[PDB]
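Each remark here refers to the structure printed beneath this line.
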Amino acid sequence: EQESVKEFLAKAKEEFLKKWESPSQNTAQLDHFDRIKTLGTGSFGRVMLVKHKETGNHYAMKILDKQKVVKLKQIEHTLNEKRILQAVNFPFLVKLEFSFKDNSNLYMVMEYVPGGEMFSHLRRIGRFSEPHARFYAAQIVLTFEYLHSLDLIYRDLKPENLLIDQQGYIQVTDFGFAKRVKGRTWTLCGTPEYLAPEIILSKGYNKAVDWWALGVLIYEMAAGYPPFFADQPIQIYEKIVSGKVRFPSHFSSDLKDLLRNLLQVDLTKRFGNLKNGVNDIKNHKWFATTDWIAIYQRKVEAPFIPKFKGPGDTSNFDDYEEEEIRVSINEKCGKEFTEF
Ligand SMILES: O=S(=O)(c1cccc2cnccc12)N1CCCNCC1
């Protein structure tokens with residue numbers, strides 16, 4: 001580790017801790033925005049393209065229903081998500097611009113990234129070439145180096161959470177499972193195909209789960225499908241815990257070697273969790289052509305630029321029923337969300 005990297009990360013941690021200890025709160029309100037379109041929807045919230053009525057800027061507004069967050073046992077997770085997002089700063093992490101709450105909902109107003117999910121692009125082309133997968137993987141490696149140095153675990157890496165920006169670079173979204181952890185944590189969360197064995201087996205786990213998930217992501221980008229696939233989750237879990245993985249013959253030997261070390265079922269032997277930390281990944285032969293500083297500085301020409309007409313274009317996102325944003329006349333769950 002060059003003193004240069006050490007000093008960068010020391011400053012990053014100082015700046016994160018100052019915002020972590022004194023979080024911003026209540027920095028806009030709903031009637032500052034016009035609603036444009038629903039971009040995504042889930043069991044306790046949705047994301048909406050909105051336009052600020054005074055500046056004209058577009059944003060992605062995540063709206064969480066407090067009562068559904070409580071029912072689905074996501075209180076601490078939603079508090080983690082906002083407290084972390086308002087404190088971080090890195091080129092490949094989506095920016096939180098405003099946050100607020102009302103009688104019914106929590107609101108996180110983020111930069112709008114018009115290029116769409118990596119998932120859509122991957123499914124449309126089939127698979128990414130190794131150089132193309134490597135460009136995205138390098139951004140995730142650097143992002144995890146940053147997050148883990150702050151004692152943060154991400155826990156939701158998957159192609160649907162990685163958006164492609166106007167320059168073709170990644171923006172990581174969805175901090176709903178991110179957590180500040182010194183040592184181990186225990187919650188069962190994440191998407192089946194991406195879960196590390198130690199999550200499935202109900203162990204106290206650490207940042208090594210993010211490095212496992214990177215292995216799954218690289219495999220899926222390069223093959224077009226994930227390494228452990230089945231019709232039902234329990235069948236997926238049996239494959240994950242087995243210690244067996246099959247690689248397409250078109251994978252390079254270097255790619256297969258990196259993946260065996262990320263998809264290592266013994267967490268004490270897994271790349272990213274050894275004495276040399278992230279450098280076992282950054283120095284691997286599969287990354288020999290990667291200029292880490294040039295990626296960080298966004299000086300590498302991207303594999304593709306998404307096609308879109310302007311900052312309000314939604315063509316790279318898909319269509320959802322447009323439902324009301326109702327705000328109750330009575331405050332709900334005020335105590336639970338006091339710190340938001
Ligand atoms: O609309 S999003 O939730 C989304 C979340 C957070 C920030 C965003 C910024 N720009 C666009 C979409 C965004 N998104 C697409 C549909 C669902 N998959 C996850 C990514």
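Going through the structure tokens in order, the chains are called A, B, and so on, while each chain numbers its residues from 1 and the ligands are numbered from 1 in the order shown.
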Original post:
If we count only C-alpha atoms, what is near region 48-61 of chain A at a cut-off of 8 Å, once residues fewer than 2 positions away on the same chain are taken out, given as a list in words?
Top reply: residues 32, 33, 34, 35, 36, 37, 38, 39, 40, 46, 63, 107, 108, 109, 110, 111, 112, 113, 311 and 312 of chain A
Subject >> Who sits within 12 Å of residue 181 (chain A), only C-alpha atoms, same chain under 4 positions skipped, as a PyMOL selection string >> reply: chain A and resi 80+84+147-155+177+185-187+204-207
Original post:
Of the candidates A:127, A:6, A:66, A:284, which one gets nearest to residue 328 (chain A) if we count only C-alpha atoms?
Top reply: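 For residue 328 (chain A), the nearest of the candidates is A:66.
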Original post:
Looking at only C-alpha atoms, which of A:219, A:169, A:128, A:90 is the one that sits closest to residue 259 (chain A)?
Top reply: A:219
Original post:
Mind checking DSSP for region 51-166 of chain A and telling me the strand (DSSP E) residues as an MDAnalysis selection string?
Top reply: chainID A and resid 51:52 58:65 96:101 105:111 152:153 162:164
Kindly export the residues of the current selection with C-alpha atoms, as a PDB file, in the first residue's frame.
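Saved result, part_28.pdb, follows:
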```pdb
ATOM      1  CA  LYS A  51     -38.296  17.568 -11.042  1.00  0.00           C
ATOM      2  CA  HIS A  52     -37.419  20.374  -8.622  1.00  0.00           C
ATOM      3  CA  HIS A  58     -34.276  15.973 -12.095  1.00  0.00           C
ATOM      4  CA  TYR A  59     -33.853  13.529  -9.188  1.00  0.00           C
ATOM      5  CA  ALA A  60     -34.697   9.934  -8.229  1.00  0.00           C
ATOM      6  CA  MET A  61     -36.893  10.165  -5.108  1.00  0.00           C
ATOM      7  CA  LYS A  62     -37.093   6.977  -3.025  1.00  0.00           C
ATOM      8  CA  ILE A  63     -40.335   6.949  -0.983  1.00  0.00           C
ATOM      9  CA  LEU A  64     -40.655   4.461   1.892  1.00  0.00           C
ATOM     10  CA  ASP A  65     -43.986   3.847   3.654  1.00  0.00           C
ATOM     11  CA  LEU A  96     -28.036  11.797  -1.782  1.00  0.00           C
ATOM     12  CA  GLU A  97     -29.071  15.391  -2.414  1.00  0.00           C
ATOM     13  CA  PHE A  98     -31.946  15.813   0.093  1.00  0.00           C
ATOM     14  CA  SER A  99     -33.869  13.838   2.706  1.00  0.00           C
ATOM     15  CA  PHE A 100     -37.031  14.452   4.744  1.00  0.00           C
ATOM     16  CA  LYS A 101     -40.081  12.706   6.216  1.00  0.00           C
ATOM     17  CA  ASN A 105     -43.300   8.362   4.394  1.00  0.00           C
ATOM     18  CA  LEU A 106     -39.520   8.681   4.415  1.00  0.00           C
ATOM     19  CA  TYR A 107     -37.905  10.377   1.396  1.00  0.00           C
ATOM     20  CA  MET A 108     -34.376  10.066  -0.007  1.00  0.00           C
ATOM     21  CA  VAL A 109     -33.804  12.350  -3.031  1.00  0.00           C
ATOM     22  CA  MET A 110     -30.835  11.082  -5.089  1.00  0.00           C
ATOM     23  CA  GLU A 111     -29.175  12.055  -8.338  1.00  0.00           C
ATOM     24  CA  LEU A 152     -19.189  -0.361   6.129  1.00  0.00           C
ATOM     25  CA  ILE A 153     -20.524  -3.585   4.586  1.00  0.00           C
ATOM     26  CA  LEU A 162     -25.703  -0.752 -10.524  1.00  0.00           C
ATOM     27  CA  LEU A 163     -26.778   2.085 -12.809  1.00  0.00           C
ATOM     28  CA  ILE A 164     -24.875   3.287 -15.880  1.00  0.00           C
TER      29      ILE A 164
END
```
Subject >> Selection: 8 Å around region 261-277 of chain A, only C-alpha atoms, excl. self and same-chain fewer than 4 positions, as a list in words >> reply: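 Listing them by chain and then by number gives residues 196, 197, 198, 207, 208, 211, 212, 214, 215, 216, 240, 241, 242, 243, 257 and 281 of chain A.
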Just-selected residues, N, CA, C and O atoms written as a PDB file, in the first residue's frame:
```pdb
ATOM      1  N   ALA A 196     -23.456 -15.246   0.211  1.00  0.00           N
ATOM      2  CA  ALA A 196     -22.303 -16.059   0.604  1.00  0.00           C
ATOM      3  C   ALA A 196     -22.754 -17.253   1.460  1.00  0.00           C
ATOM      4  O   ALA A 196     -23.773 -17.183   2.173  1.00  0.00           O
ATOM      5  N   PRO A 197     -21.969 -18.341   1.462  1.00  0.00           N
ATOM      6  CA  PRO A 197     -22.334 -19.508   2.281  1.00  0.00           C
ATOM      7  C   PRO A 197     -22.560 -19.167   3.741  1.00  0.00           C
ATOM      8  O   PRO A 197     -23.477 -19.723   4.352  1.00  0.00           O
ATOM      9  N   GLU A 198     -21.731 -18.291   4.325  1.00  0.00           N
ATOM     10  CA  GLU A 198     -21.833 -18.045   5.751  1.00  0.00           C
ATOM     11  C   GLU A 198     -23.105 -17.284   6.105  1.00  0.00           C
ATOM     12  O   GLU A 198     -23.571 -17.397   7.249  1.00  0.00           O
ATOM     13  N   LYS A 207     -17.132  -8.460   6.140  1.00  0.00           N
ATOM     14  CA  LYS A 207     -17.002  -7.872   4.811  1.00  0.00           C
ATOM     15  C   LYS A 207     -16.682  -8.900   3.734  1.00  0.00           C
ATOM     16  O   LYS A 207     -16.847  -8.602   2.543  1.00  0.00           O
ATOM     17  N   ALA A 208     -16.195 -10.087   4.114  1.00  0.00           N
ATOM     18  CA  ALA A 208     -15.928 -11.116   3.124  1.00  0.00           C
ATOM     19  C   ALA A 208     -17.153 -11.442   2.282  1.00  0.00           C
ATOM     20  O   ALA A 208     -16.994 -11.943   1.158  1.00  0.00           O
ATOM     21  N   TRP A 211     -17.040  -9.535  -0.980  1.00  0.00           N
ATOM     22  CA  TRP A 211     -16.093 -10.073  -1.957  1.00  0.00           C
ATOM     23  C   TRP A 211     -16.635 -11.330  -2.635  1.00  0.00           C
ATOM     24  O   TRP A 211     -16.445 -11.519  -3.847  1.00  0.00           O
ATOM     25  N   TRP A 212     -17.352 -12.192  -1.894  1.00  0.00           N
ATOM     26  CA  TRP A 212     -18.080 -13.300  -2.519  1.00  0.00           C
ATOM     27  C   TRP A 212     -19.053 -12.776  -3.575  1.00  0.00           C
ATOM     28  O   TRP A 212     -19.096 -13.270  -4.709  1.00  0.00           O
ATOM     29  N   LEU A 214     -18.951 -10.055  -5.231  1.00  0.00           N
ATOM     30  CA  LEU A 214     -18.223  -9.599  -6.410  1.00  0.00           C
ATOM     31  C   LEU A 214     -17.902 -10.763  -7.338  1.00  0.00           C
ATOM     32  O   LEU A 214     -17.979 -10.625  -8.565  1.00  0.00           O
ATOM     33  N   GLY A 215     -17.488 -11.905  -6.779  1.00  0.00           N
ATOM     34  CA  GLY A 215     -17.285 -13.082  -7.606  1.00  0.00           C
ATOM     35  C   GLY A 215     -18.526 -13.469  -8.388  1.00  0.00           C
ATOM     36  O   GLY A 215     -18.445 -13.801  -9.575  1.00  0.00           O
ATOM     37  N   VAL A 216     -19.689 -13.454  -7.726  1.00  0.00           N
ATOM     38  CA  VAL A 216     -20.934 -13.776  -8.424  1.00  0.00           C
ATOM     39  C   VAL A 216     -21.202 -12.776  -9.541  1.00  0.00           C
ATOM     40  O   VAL A 216     -21.546 -13.174 -10.662  1.00  0.00           O
ATOM     41  N   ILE A 240     -24.660 -23.181  -3.650  1.00  0.00           N
ATOM     42  CA  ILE A 240     -23.723 -22.211  -3.084  1.00  0.00           C
ATOM     43  C   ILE A 240     -22.827 -22.874  -2.042  1.00  0.00           C
ATOM     44  O   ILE A 240     -21.610 -22.678  -2.031  1.00  0.00           O
ATOM     45  N   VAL A 241     -23.417 -23.648  -1.130  1.00  0.00           N
ATOM     46  CA  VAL A 241     -22.634 -24.217  -0.030  1.00  0.00           C
ATOM     47  C   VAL A 241     -21.763 -25.386  -0.460  1.00  0.00           C
ATOM     48  O   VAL A 241     -20.866 -25.772   0.291  1.00  0.00           O
ATOM     49  N   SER A 242     -21.962 -25.932  -1.666  1.00  0.00           N
ATOM     50  CA  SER A 242     -21.304 -27.172  -2.084  1.00  0.00           C
ATOM     51  C   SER A 242     -19.791 -27.065  -2.318  1.00  0.00           C
ATOM     52  O   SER A 242     -19.093 -28.085  -2.242  1.00  0.00           O
ATOM     53  N   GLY A 243     -19.261 -25.897  -2.615  1.00  0.00           N
ATOM     54  CA  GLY A 243     -17.861 -25.808  -2.992  1.00  0.00           C
ATOM     55  C   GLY A 243     -17.561 -26.101  -4.450  1.00  0.00           C
ATOM     56  O   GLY A 243     -16.381 -26.131  -4.820  1.00  0.00           O
ATOM     57  N   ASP A 257      -9.233 -18.387 -12.387  1.00  0.00           N
ATOM     58  CA  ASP A 257      -8.457 -18.361 -11.150  1.00  0.00           C
ATOM     59  C   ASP A 257      -8.962 -17.295 -10.179  1.00  0.00           C
ATOM     60  O   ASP A 257      -9.086 -17.553  -8.980  1.00  0.00           O
ATOM     61  N   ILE A 281      -6.700  -8.910  -4.789  1.00  0.00           N
ATOM     62  CA  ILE A 281      -7.548  -8.710  -5.961  1.00  0.00           C
ATOM     63  C   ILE A 281      -6.906  -7.728  -6.941  1.00  0.00           C
ATOM     64  O   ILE A 281      -6.804  -8.010  -8.139  1.00  0.00           O
TER      65      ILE A 281
END
```
